[PDB]
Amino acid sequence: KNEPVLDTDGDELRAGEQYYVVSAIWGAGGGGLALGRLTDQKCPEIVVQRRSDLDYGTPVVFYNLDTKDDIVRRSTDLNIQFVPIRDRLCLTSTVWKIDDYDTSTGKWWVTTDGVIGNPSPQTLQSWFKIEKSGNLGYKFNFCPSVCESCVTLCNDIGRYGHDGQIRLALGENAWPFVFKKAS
């Protein structure tokens, strides 16, 4: 019963429908999110941000916790899946999930090879929330409630440089995004 997330046309976001996730800040704020990879790791793919505000990235689909509601709502746990158009380079999934702690950077990265559905301790890392970010748009928040007895990180997601690219990770300063209906 939370308020819906809205796309840039003011329409409520629909579970299962394709949206570009584009920085709410253009220019120096970059473009959209996309499937990427690291220099030293082909699979799984990582979540990266396009540098150019002309480039909206890879479309995503959102999957609700309750398969019955078709509206994506604020502050409710969701799965997020990139829907690439290109060939599938990897056998891992394109579903977002939080990585294990990266000792080389001090970051908890957003990566892929997540899982869709089965809300449980087994899938805890695959559940994200979308929340209002000022009047600019929305932010992603990782704070899953799908396992009331599980200890979990509970943090906004920001953007940070890594490996010559722009990635997403848990952090104190959220990066704001908007959702655009895919083509």
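The numbering used is simple: start at 1 and walk along the sequence shown.
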Query raised in the report: Out of 79-87 and 103-111, which one has CA B-factors that are higher on average in the deposited record?
Result: 79-87
Report summary line: Between 60-68 and 43-51, the record assigns the higher mean Cα B factor to 60-68
Report task. Would you mind ranking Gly117 by its C-alpha B-factor against the rest of the chain and naming the third, lowest, middle or highest? Result -> middle
Query raised in the report: Mind checking which third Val178 falls in for C-alpha B-factor across the chain?
Result: lowest
Query raised in the report: Within this chain, which third does the Cα B-factor at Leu13 fall in: lowest, middle or highest?
Result: middle
Report summary line: Binned into thirds over the chain's modelled residues, the C-alpha B-factor of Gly134 lands in the highest
Report summary line: Chain thirds by Cα B factor, record data; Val151 belongs to the lowest
